[PDB]
Structures are given as structure tokens and as C-alpha cells.
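Pasting work.tsv here (TSV, N, CA and C atoms):
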chain	number	residue	atom	x	y	z
A	1	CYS	N	63.13	4.33	38.89
A	1	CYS	CA	62.60	2.99	38.70
A	1	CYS	C	63.31	2.13	37.66
A	2	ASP	N	63.48	0.86	38.00
A	2	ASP	CA	64.05	-0.15	37.12
A	2	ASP	C	62.98	-1.20	36.86
A	3	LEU	N	62.70	-2.04	37.85
A	3	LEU	CA	61.70	-3.10	37.66
A	3	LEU	C	60.27	-2.58	37.68
A	4	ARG	N	59.89	-1.89	36.62
A	4	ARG	CA	58.55	-1.33	36.47
A	4	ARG	C	57.59	-2.49	36.47
A	5	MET	N	56.48	-2.39	37.17
A	5	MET	CA	55.55	-3.51	37.17
A	5	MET	C	54.10	-3.16	37.34
A	6	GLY	N	53.43	-2.90	36.22
A	6	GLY	CA	52.03	-2.54	36.23
A	6	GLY	C	51.89	-1.04	36.30
A	7	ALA	N	50.75	-0.53	35.88
A	7	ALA	CA	50.63	0.90	35.79
A	7	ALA	C	50.81	1.59	37.11
A	8	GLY	N	51.72	2.55	37.11
A	8	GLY	CA	52.03	3.41	38.24
A	8	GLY	C	52.92	2.79	39.30
A	9	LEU	N	53.23	1.50	39.19
A	9	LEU	CA	53.99	0.82	40.24
A	9	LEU	C	55.37	0.36	39.82
A	10	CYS	N	56.26	0.32	40.80
A	10	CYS	CA	57.64	-0.09	40.59
A	10	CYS	C	58.18	-0.86	41.77
A	11	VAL	N	58.91	-1.93	41.50
A	11	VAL	CA	59.42	-2.73	42.59
A	11	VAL	C	60.88	-2.57	42.90
A	12	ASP	N	61.16	-2.42	44.19
A	12	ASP	CA	62.53	-2.45	44.69
A	12	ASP	C	62.52	-3.62	45.67
A	13	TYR	N	61.98	-3.40	46.84
A	13	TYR	CA	61.75	-4.43	47.82
A	13	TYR	C	60.31	-4.18	48.23
A	14	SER	N	59.83	-3.02	47.82
A	14	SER	CA	58.49	-2.60	48.14
A	14	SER	C	57.72	-2.16	46.90
A	15	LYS	N	56.40	-2.15	47.01
A	15	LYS	CA	55.54	-1.71	45.92
A	15	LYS	C	55.44	-0.20	45.89
A	16	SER	N	56.47	0.42	45.35
A	16	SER	CA	56.60	1.86	45.29
A	16	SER	C	55.81	2.42	44.12
A	17	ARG	N	55.68	3.74	44.05
A	17	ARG	CA	54.98	4.35	42.92
A	17	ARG	C	55.95	5.05	41.96
A	18	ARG	N	55.53	5.27	40.72
A	18	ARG	CA	56.35	6.06	39.78
A	18	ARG	C	56.19	7.58	39.98
A	19	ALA	N	57.32	8.31	40.00
A	19	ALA	CA	57.35	9.77	40.16
A	19	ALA	C	57.82	10.58	38.96
A	20	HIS	N	57.35	11.84	38.95
A	20	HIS	CA	57.78	12.92	38.07
A	20	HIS	C	57.95	14.26	38.80
A	21	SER	N	58.66	15.14	38.12
A	21	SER	CA	59.01	16.49	38.53
A	21	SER	C	57.86	17.45	38.83
A	22	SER	N	56.61	17.04	38.60
A	22	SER	CA	55.46	17.92	38.87
A	22	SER	C	55.47	18.42	40.30
A	23	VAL	N	56.08	17.64	41.19
A	23	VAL	CA	56.12	18.00	42.59
A	23	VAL	C	56.94	19.27	42.83
A	24	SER	N	57.91	19.54	41.96
A	24	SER	CA	58.77	20.68	42.14
A	24	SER	C	58.09	21.94	41.64
A	25	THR	N	57.03	21.77	40.86
A	25	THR	CA	56.30	22.92	40.34
A	25	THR	C	55.37	23.37	41.41
A	26	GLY	N	54.71	22.41	42.07
A	26	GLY	CA	53.82	22.79	43.15
A	26	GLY	C	54.66	23.54	44.20
A	27	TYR	N	55.89	23.07	44.44
A	27	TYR	CA	56.76	23.78	45.37
A	27	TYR	C	57.05	25.20	44.92
A	28	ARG	N	57.56	25.37	43.71
A	28	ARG	CA	57.93	26.71	43.24
A	28	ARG	C	56.72	27.64	43.15
A	29	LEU	N	55.59	27.09	42.71
A	29	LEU	CA	54.34	27.80	42.52
A	29	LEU	C	53.84	28.38	43.82
A	30	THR	N	53.83	27.58	44.88
A	30	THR	CA	53.33	28.06	46.15
A	30	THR	C	54.42	28.73	46.99
A	31	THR	N	55.69	28.45	46.70
A	31	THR	CA	56.79	29.10	47.42
A	31	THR	C	56.89	30.57	47.05
A	32	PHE	N	56.81	30.87	45.75
A	32	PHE	CA	56.96	32.23	45.28
A	32	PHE	C	55.66	32.92	44.86
A	33	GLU	N	54.68	32.97	45.76
A	33	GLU	CA	53.42	33.66	45.47
A	33	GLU	C	53.55	35.18	45.19
A	34	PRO	N	54.42	35.96	45.86
A	34	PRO	CA	54.62	37.40	45.63
A	34	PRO	C	55.04	37.66	44.19
A	35	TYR	N	54.66	38.82	43.63
A	35	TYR	CA	55.01	39.08	42.22
A	35	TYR	C	55.23	40.55	41.80
A	36	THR	N	55.73	41.40	42.69
A	36	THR	CA	55.97	42.80	42.35
A	36	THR	C	57.40	43.03	41.77
A	37	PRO	N	57.55	43.57	40.53
A	37	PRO	CA	58.81	43.84	39.81
A	37	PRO	C	59.88	44.58	40.60
A	38	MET	N	59.47	45.35	41.60
A	38	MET	CA	60.40	46.10	42.41
A	38	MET	C	60.58	45.43	43.77
A	39	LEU	N	59.54	45.46	44.61
A	39	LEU	CA	59.63	44.87	45.95
A	39	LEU	C	60.00	43.39	45.97
A	40	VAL	N	59.29	42.59	45.19
A	40	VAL	CA	59.51	41.16	45.21
A	40	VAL	C	60.78	40.83	44.50
A	41	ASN	N	61.03	41.48	43.37
A	41	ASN	CA	62.29	41.24	42.69
A	41	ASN	C	63.46	41.38	43.68
A	42	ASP	N	63.47	42.46	44.48
A	42	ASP	CA	64.54	42.64	45.46
A	42	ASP	C	64.43	41.67	46.66
A	43	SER	N	63.21	41.38	47.12
A	43	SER	CA	63.05	40.48	48.26
A	43	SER	C	63.57	39.11	47.88
A	44	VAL	N	63.21	38.69	46.68
A	44	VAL	CA	63.64	37.43	46.13
A	44	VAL	C	65.12	37.49	45.84
A	45	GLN	N	65.64	38.61	45.32
A	45	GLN	CA	67.08	38.72	45.11
A	45	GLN	C	67.82	38.32	46.39
A	46	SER	N	67.35	38.81	47.55
A	46	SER	CA	67.99	38.43	48.80
A	46	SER	C	67.86	36.91	49.02
A	47	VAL	N	66.68	36.35	48.72
A	47	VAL	CA	66.48	34.91	48.87
A	47	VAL	C	67.40	34.12	47.97
A	48	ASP	N	67.48	34.52	46.70
A	48	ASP	CA	68.30	33.85	45.70
A	48	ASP	C	69.77	33.86	46.06
B	1	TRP	N	54.36	32.63	35.80
B	1	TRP	CA	54.76	34.00	36.09
B	1	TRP	C	53.50	34.81	36.35
B	2	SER	N	52.55	34.66	35.43
B	2	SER	CA	51.31	35.40	35.47
B	2	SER	C	50.39	34.80	36.52
B	3	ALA	N	50.55	33.50	36.78
B	3	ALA	CA	49.73	32.83	37.77
B	3	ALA	C	50.00	33.42	39.13
B	4	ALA	N	51.28	33.70	39.42
B	4	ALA	CA	51.61	34.31	40.69
B	4	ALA	C	50.96	35.69	40.78
B	5	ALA	N	51.03	36.45	39.69
B	5	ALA	CA	50.45	37.80	39.64
B	5	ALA	C	48.93	37.70	39.81
B	6	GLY	N	48.31	36.66	39.26
B	6	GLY	CA	46.87	36.46	39.35
B	6	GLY	C	46.03	36.86	38.15
B	7	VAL	N	46.65	36.82	36.97
B	7	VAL	CA	46.02	37.10	35.68
B	7	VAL	C	44.94	36.02	35.53
B	8	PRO	N	43.68	36.40	35.29
B	8	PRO	CA	42.55	35.52	35.11
B	8	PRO	C	42.71	34.94	33.73
B	9	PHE	N	42.11	33.79	33.50
B	9	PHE	CA	42.23	33.16	32.19
B	9	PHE	C	41.90	34.09	31.03
B	10	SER	N	40.77	34.80	31.08
B	10	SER	CA	40.44	35.66	29.94
B	10	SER	C	41.50	36.74	29.70
B	11	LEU	N	42.25	37.11	30.74
B	11	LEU	CA	43.30	38.09	30.60
B	11	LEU	C	44.47	37.44	29.89
B	12	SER	N	44.79	36.20	30.27
B	12	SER	CA	45.91	35.53	29.62
B	12	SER	C	45.59	35.34	28.14
B	13	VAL	N	44.30	35.21	27.82
B	13	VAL	CA	43.92	35.10	26.42
B	13	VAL	C	44.24	36.43	25.77
B	14	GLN	N	43.89	37.55	26.42
B	14	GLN	CA	44.23	38.84	25.85
B	14	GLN	C	45.72	38.95	25.62
B	15	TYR	N	46.52	38.42	26.53
B	15	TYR	CA	47.95	38.51	26.35
B	15	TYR	C	48.37	37.75	25.09
B	16	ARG	N	47.78	36.59	24.86
B	16	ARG	CA	48.12	35.82	23.66
B	16	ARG	C	47.67	36.60	22.41
B	17	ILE	N	46.51	37.26	22.52
B	17	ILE	CA	45.97	38.06	21.42
B	17	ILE	C	46.88	39.27	21.16
B	18	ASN	N	47.42	39.87	22.22
B	18	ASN	CA	48.32	41.00	22.07
B	18	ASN	C	49.50	40.59	21.19
B	19	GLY	N	49.89	39.31	21.27
B	19	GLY	CA	50.97	38.76	20.46
B	19	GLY	C	50.69	38.82	18.94
B	20	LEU	N	49.43	39.03	18.56
B	20	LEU	CA	48.99	39.15	17.18
B	20	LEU	C	49.06	40.59	16.70
B	21	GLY	N	49.36	41.50	17.62
B	21	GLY	CA	49.33	42.92	17.30
B	21	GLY	C	47.92	43.46	17.49
B	22	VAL	N	47.09	42.71	18.21
B	22	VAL	CA	45.72	43.12	18.44
B	22	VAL	C	45.46	43.35	19.92
B	23	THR	N	45.02	44.55	20.28
B	23	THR	CA	44.79	44.86	21.70
B	23	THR	C	43.33	45.15	21.95
B	24	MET	N	42.99	45.45	23.19
B	24	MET	CA	41.62	45.76	23.55
B	24	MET	C	41.12	47.05	22.89
B	25	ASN	N	42.02	47.82	22.27
B	25	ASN	CA	41.64	49.04	21.59
B	25	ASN	C	41.49	48.79	20.08
B	26	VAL	N	41.62	47.52	19.70
B	26	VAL	CA	41.51	47.03	18.34
B	26	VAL	C	40.30	46.09	18.28
B	27	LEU	N	40.18	45.27	19.32
B	27	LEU	CA	39.14	44.26	19.52
B	27	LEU	C	37.81	44.89	19.88
B	28	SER	N	36.71	44.17	19.66
B	28	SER	CA	35.46	44.69	20.24
B	28	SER	C	35.68	44.54	21.74
B	29	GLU	N	34.77	45.03	22.60
B	29	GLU	CA	35.05	44.89	24.03
B	29	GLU	C	35.57	43.49	24.26
B	30	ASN	N	36.80	43.43	24.74
B	30	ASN	CA	37.47	42.16	24.84
B	30	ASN	C	37.01	41.32	25.98
B	31	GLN	N	36.47	41.92	27.01
B	31	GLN	CA	36.05	41.09	28.11
B	31	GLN	C	34.86	40.26	27.68
B	32	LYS	N	33.95	40.87	26.93
B	32	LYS	CA	32.78	40.14	26.49
B	32	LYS	C	33.10	39.23	25.32
B	33	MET	N	33.94	39.70	24.38
B	33	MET	CA	34.25	38.88	23.22
B	33	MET	C	34.98	37.63	23.66
B	34	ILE	N	36.01	37.79	24.48
B	34	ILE	CA	36.76	36.63	24.89
B	34	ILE	C	35.93	35.74	25.77
B	35	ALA	N	35.24	36.30	26.75
B	35	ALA	CA	34.50	35.42	27.63
B	35	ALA	C	33.46	34.62	26.89
B	36	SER	N	32.70	35.26	25.99
B	36	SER	CA	31.66	34.51	25.32
B	36	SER	C	32.17	33.65	24.19
B	37	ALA	N	33.27	34.03	23.53
B	37	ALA	CA	33.76	33.20	22.46
B	37	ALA	C	34.21	31.87	23.01
B	38	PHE	N	34.91	31.91	24.14
B	38	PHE	CA	35.40	30.70	24.73
B	38	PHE	C	34.29	29.92	25.38
B	39	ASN	N	33.39	30.58	26.09
B	39	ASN	CA	32.34	29.80	26.73
B	39	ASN	C	31.43	29.14	25.71
B	40	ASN	N	31.16	29.82	24.59
B	40	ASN	CA	30.31	29.22	23.58
B	40	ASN	C	31.00	28.01	22.98
B	41	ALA	N	32.32	28.13	22.74
B	41	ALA	CA	33.07	27.03	22.18
B	41	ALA	C	33.04	25.85	23.10
B	42	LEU	N	33.23	26.09	24.39
B	42	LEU	CA	33.26	25.00	25.35
B	42	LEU	C	31.93	24.30	25.41
B	43	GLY	N	30.86	25.06	25.30
B	43	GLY	CA	29.54	24.47	25.29
B	43	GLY	C	29.45	23.51	24.11
B	44	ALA	N	29.77	24.02	22.92
B	44	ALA	CA	29.71	23.23	21.69
B	44	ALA	C	30.61	22.01	21.76
B	45	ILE	N	31.78	22.16	22.35
B	45	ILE	CA	32.70	21.06	22.47
B	45	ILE	C	32.10	19.96	23.31
B	46	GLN	N	31.50	20.30	24.44
B	46	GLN	CA	30.90	19.24	25.24
B	46	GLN	C	29.74	18.58	24.52
B	47	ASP	N	28.91	19.37	23.84
B	47	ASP	CA	27.76	18.80	23.14
B	47	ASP	C	28.19	17.91	21.99
B	48	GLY	N	29.31	18.24	21.38
B	48	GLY	CA	29.86	17.50	20.26
B	48	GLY	C	30.06	16.02	20.58
B	49	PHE	N	30.28	15.67	21.84
B	49	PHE	CA	30.54	14.28	22.19
B	49	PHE	C	29.32	13.39	22.02

Render the structure in this file as C-alpha cells.
Amino acid sequence: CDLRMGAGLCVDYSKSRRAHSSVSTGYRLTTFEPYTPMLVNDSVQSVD
Amino acid sequence: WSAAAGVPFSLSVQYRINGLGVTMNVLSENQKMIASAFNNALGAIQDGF
């Protein structure tokens, strides 16, 4: 955002909203639900 | 990290307490101490307003 205008809003050509990185936490949080030091560590190792 | 594992809040409190060098074998029964210490505080906090 550049032309910030009023709480939560920003103008480009449209009345867009202001964003933050919280969205990437919801992603990581729900993406990596498994948590076993052996099985998941290795399953994730393959993913990584 | 612990959220994925599913550590309940009172357990995460124990983990923070473990950081003091104090464990459930040092504490009075920790499930009751932690649960009631926090719930009593929360009660008081809301009433404080």
C-alpha cells in the first residue's frame, strides 16, 4: 500500500484492504499438522 | 511447534515453569495448581474492570 486511506483501506484504482503476513501462519499451521520426531521429521524431510 | 503436537495450555504453562528448574515433581500437583491459579486470576481480572 501507498495511498493509505482510512482504517484498513488502501487505494490503487480500487478500495482494497491492508494486509499482513498472518495469512502465511494459518497456512503453515494447518499445512504441517503432523508432529512425530521420527516419522514426520522424515516425511517432511522428503517434502522439504 | 507444540500447537501441532497438541500441548494443552496448562501443559505449555508447565513447560514455561520447567524453564525455572521446577517440574511436576517439585510443584504441588501441577494440573490442579496451574489450572486453578490461572482460572482464579482470570476471574479476578474480569471482575477488576

task: Could you tell me how far atom C of residue 39 of chain A lies from atom CA of residue 6 of chain B, in Å and to one decimal?
output: 16.3 Å

message: Could you tell me how far atom CA of residue 7 of chain B sits from atom C of residue 39 of chain B, in Å to one decimal place?
response: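 So the answer is 19.4 Å.
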
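With only N, CA and C atoms as the atoms that count, the minimum distance from chain B to the choices A:19, A:10, A:3, A:29 is reached by A:29.
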
message: Only residues of chain A matter here; which ones have an atom within 6 Å of chain B, counting only N, CA and C atoms? Give them as a list in words.
response: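 Those within range of chain B come out as residues 32, 33, 34 and 35 of chain A.
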
- prompt: What gap, in Å, lies between atom N of residue 27 of chain B and atom CA of residue 45 of chain B?
  reply: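 We find that atom N of residue 27 of chain B and atom CA of residue 45 of chain B lie 25.5 Å from each other.
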
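The residues of chain A that DSSP assigns to alpha helix (DSSP H) on this backbone come out as residues 22, 23, 24, 25, 26, 27, 28, 29, 30, 31, 39, 40, 41, 42, 43, 44, 45, 46 and 47 of chain A.
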
message: Env of residue 13 of chain B: 12 Å cut, atoms = only C-alpha atoms, seq-sep filter 6 positions within chain, self excluded. Answer as a ChimeraX atom specification.
response: /B:2,7,19-20,22-24,30-31,33-35,37-38

Store the residues of this selection in a file with N, CA and C atoms, as a compact mmCIF listing (two decimals), in the coordinates of the input.
# COMPACT_ATOMS: atom_id res chain seq x y z
N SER B 2 52.55 34.66 35.43
CA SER B 2 51.31 35.40 35.47
C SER B 2 50.39 34.80 36.52
N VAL B 7 46.65 36.82 36.97
CA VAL B 7 46.02 37.10 35.68
C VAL B 7 44.94 36.02 35.53
N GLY B 19 49.89 39.31 21.27
CA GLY B 19 50.97 38.76 20.46
C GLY B 19 50.69 38.82 18.94
N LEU B 20 49.43 39.03 18.56
CA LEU B 20 48.99 39.15 17.18
C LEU B 20 49.06 40.59 16.70
N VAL B 22 47.09 42.71 18.21
CA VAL B 22 45.72 43.12 18.44
C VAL B 22 45.46 43.35 19.92
N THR B 23 45.02 44.55 20.28
CA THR B 23 44.79 44.86 21.70
C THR B 23 43.33 45.15 21.95
N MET B 24 42.99 45.45 23.19
CA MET B 24 41.62 45.76 23.55
C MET B 24 41.12 47.05 22.89
N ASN B 30 36.80 43.43 24.74
CA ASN B 30 37.47 42.16 24.84
C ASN B 30 37.01 41.32 25.98
N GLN B 31 36.47 41.92 27.01
CA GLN B 31 36.05 41.09 28.11
C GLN B 31 34.86 40.26 27.68
N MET B 33 33.94 39.70 24.38
CA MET B 33 34.25 38.88 23.22
C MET B 33 34.98 37.63 23.66
N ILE B 34 36.01 37.79 24.48
CA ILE B 34 36.76 36.63 24.89
C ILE B 34 35.93 35.74 25.77
N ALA B 35 35.24 36.30 26.75
CA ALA B 35 34.50 35.42 27.63
C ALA B 35 33.46 34.62 26.89
N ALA B 37 33.27 34.03 23.53
CA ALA B 37 33.76 33.20 22.46
C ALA B 37 34.21 31.87 23.01
N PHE B 38 34.91 31.91 24.14
CA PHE B 38 35.40 30.70 24.73
C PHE B 38 34.29 29.92 25.38

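Contact shell of residue 12 of chain A at 10 Å (only C-alpha atoms; same-chain neighbours under 6 positions omitted): residues 1, 2, 3 and 4 of chain A.
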
task: May I have all residues of chain A that DSSP, computed from the backbone, assigns to strand (DSSP E or B), given as an NGL selection string?
output: :A and (3-4 or 9-11 or 15-17)

N, CA, C and O atoms for segment 19-41 of chain A, written as a PDB file, in the frame of the given file, could you do that?
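Dumped to rebuild26.pdb:
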ATOM      1  N   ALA A  19      57.320   8.310  40.000  1.00  0.00           N
ATOM      2  CA  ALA A  19      57.350   9.770  40.160  1.00  0.00           C
ATOM      3  C   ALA A  19      57.820  10.580  38.960  1.00  0.00           C
ATOM      4  O   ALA A  19      58.618  10.119  38.132  1.00  0.00           O
ATOM      5  N   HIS A  20      57.350  11.840  38.950  1.00  0.00           N
ATOM      6  CA  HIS A  20      57.780  12.920  38.070  1.00  0.00           C
ATOM      7  C   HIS A  20      57.950  14.260  38.800  1.00  0.00           C
ATOM      8  O   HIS A  20      57.403  14.515  39.880  1.00  0.00           O
ATOM      9  N   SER A  21      58.660  15.140  38.120  1.00  0.00           N
ATOM     10  CA  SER A  21      59.010  16.490  38.530  1.00  0.00           C
ATOM     11  C   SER A  21      57.860  17.450  38.830  1.00  0.00           C
ATOM     12  O   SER A  21      58.100  18.571  39.293  1.00  0.00           O
ATOM     13  N   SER A  22      56.610  17.040  38.600  1.00  0.00           N
ATOM     14  CA  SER A  22      55.460  17.920  38.870  1.00  0.00           C
ATOM     15  C   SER A  22      55.470  18.420  40.300  1.00  0.00           C
ATOM     16  O   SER A  22      55.023  19.540  40.586  1.00  0.00           O
ATOM     17  N   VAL A  23      56.080  17.640  41.190  1.00  0.00           N
ATOM     18  CA  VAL A  23      56.120  18.000  42.590  1.00  0.00           C
ATOM     19  C   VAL A  23      56.940  19.270  42.830  1.00  0.00           C
ATOM     20  O   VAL A  23      56.679  20.030  43.778  1.00  0.00           O
ATOM     21  N   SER A  24      57.910  19.540  41.960  1.00  0.00           N
ATOM     22  CA  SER A  24      58.770  20.680  42.140  1.00  0.00           C
ATOM     23  C   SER A  24      58.090  21.940  41.640  1.00  0.00           C
ATOM     24  O   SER A  24      58.515  23.051  41.957  1.00  0.00           O
ATOM     25  N   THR A  25      57.030  21.770  40.860  1.00  0.00           N
ATOM     26  CA  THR A  25      56.300  22.920  40.340  1.00  0.00           C
ATOM     27  C   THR A  25      55.370  23.370  41.410  1.00  0.00           C
ATOM     28  O   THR A  25      55.247  24.560  41.658  1.00  0.00           O
ATOM     29  N   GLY A  26      54.710  22.410  42.070  1.00  0.00           N
ATOM     30  CA  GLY A  26      53.820  22.790  43.150  1.00  0.00           C
ATOM     31  C   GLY A  26      54.660  23.540  44.200  1.00  0.00           C
ATOM     32  O   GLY A  26      54.213  24.555  44.767  1.00  0.00           O
ATOM     33  N   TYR A  27      55.890  23.070  44.440  1.00  0.00           N
ATOM     34  CA  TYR A  27      56.760  23.780  45.370  1.00  0.00           C
ATOM     35  C   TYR A  27      57.050  25.200  44.920  1.00  0.00           C
ATOM     36  O   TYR A  27      56.744  26.139  45.652  1.00  0.00           O
ATOM     37  N   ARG A  28      57.560  25.370  43.710  1.00  0.00           N
ATOM     38  CA  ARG A  28      57.930  26.710  43.240  1.00  0.00           C
ATOM     39  C   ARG A  28      56.720  27.640  43.150  1.00  0.00           C
ATOM     40  O   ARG A  28      56.810  28.818  43.482  1.00  0.00           O
ATOM     41  N   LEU A  29      55.590  27.090  42.710  1.00  0.00           N
ATOM     42  CA  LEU A  29      54.340  27.800  42.520  1.00  0.00           C
ATOM     43  C   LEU A  29      53.840  28.380  43.820  1.00  0.00           C
ATOM     44  O   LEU A  29      53.465  29.556  43.877  1.00  0.00           O
ATOM     45  N   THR A  30      53.830  27.580  44.880  1.00  0.00           N
ATOM     46  CA  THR A  30      53.330  28.060  46.150  1.00  0.00           C
ATOM     47  C   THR A  30      54.420  28.730  46.990  1.00  0.00           C
ATOM     48  O   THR A  30      54.121  29.542  47.869  1.00  0.00           O
ATOM     49  N   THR A  31      55.690  28.450  46.700  1.00  0.00           N
ATOM     50  CA  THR A  31      56.790  29.100  47.420  1.00  0.00           C
ATOM     51  C   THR A  31      56.890  30.570  47.050  1.00  0.00           C
ATOM     52  O   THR A  31      57.036  31.436  47.915  1.00  0.00           O
ATOM     53  N   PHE A  32      56.810  30.870  45.750  1.00  0.00           N
ATOM     54  CA  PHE A  32      56.960  32.230  45.280  1.00  0.00           C
ATOM     55  C   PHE A  32      55.660  32.920  44.860  1.00  0.00           C
ATOM     56  O   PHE A  32      55.553  33.418  43.736  1.00  0.00           O
ATOM     57  N   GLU A  33      54.680  32.970  45.760  1.00  0.00           N
ATOM     58  CA  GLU A  33      53.420  33.660  45.470  1.00  0.00           C
ATOM     59  C   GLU A  33      53.550  35.180  45.190  1.00  0.00           C
ATOM     60  O   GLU A  33      52.743  35.683  44.407  1.00  0.00           O
ATOM     61  N   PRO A  34      54.420  35.960  45.860  1.00  0.00           N
ATOM     62  CA  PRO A  34      54.620  37.400  45.630  1.00  0.00           C
ATOM     63  C   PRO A  34      55.040  37.660  44.190  1.00  0.00           C
ATOM     64  O   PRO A  34      55.736  36.846  43.592  1.00  0.00           O
ATOM     65  N   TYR A  35      54.660  38.820  43.630  1.00  0.00           N
ATOM     66  CA  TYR A  35      55.010  39.080  42.220  1.00  0.00           C
ATOM     67  C   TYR A  35      55.230  40.550  41.800  1.00  0.00           C
ATOM     68  O   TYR A  35      54.948  40.905  40.658  1.00  0.00           O
ATOM     69  N   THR A  36      55.730  41.400  42.690  1.00  0.00           N
ATOM     70  CA  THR A  36      55.970  42.800  42.350  1.00  0.00           C
ATOM     71  C   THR A  36      57.400  43.030  41.770  1.00  0.00           C
ATOM     72  O   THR A  36      58.374  42.850  42.508  1.00  0.00           O
ATOM     73  N   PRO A  37      57.550  43.570  40.530  1.00  0.00           N
ATOM     74  CA  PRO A  37      58.810  43.840  39.810  1.00  0.00           C
ATOM     75  C   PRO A  37      59.880  44.580  40.600  1.00  0.00           C
ATOM     76  O   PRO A  37      61.059  44.509  40.262  1.00  0.00           O
ATOM     77  N   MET A  38      59.470  45.350  41.600  1.00  0.00           N
ATOM     78  CA  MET A  38      60.400  46.100  42.410  1.00  0.00           C
ATOM     79  C   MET A  38      60.580  45.430  43.770  1.00  0.00           C
ATOM     80  O   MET A  38      61.610  44.814  44.040  1.00  0.00           O
ATOM     81  N   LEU A  39      59.540  45.460  44.610  1.00  0.00           N
ATOM     82  CA  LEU A  39      59.630  44.870  45.950  1.00  0.00           C
ATOM     83  C   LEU A  39      60.000  43.390  45.970  1.00  0.00           C
ATOM     84  O   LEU A  39      60.888  42.978  46.724  1.00  0.00           O
ATOM     85  N   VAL A  40      59.290  42.590  45.190  1.00  0.00           N
ATOM     86  CA  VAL A  40      59.510  41.160  45.210  1.00  0.00           C
ATOM     87  C   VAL A  40      60.780  40.830  44.500  1.00  0.00           C
ATOM     88  O   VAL A  40      61.585  40.061  44.994  1.00  0.00           O
ATOM     89  N   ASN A  41      61.030  41.480  43.370  1.00  0.00           N
ATOM     90  CA  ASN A  41      62.290  41.240  42.690  1.00  0.00           C
ATOM     91  C   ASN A  41      63.460  41.380  43.680  1.00  0.00           C
ATOM     92  O   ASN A  41      64.315  40.503  43.749  1.00  0.00           O
TER      93      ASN A  41
END
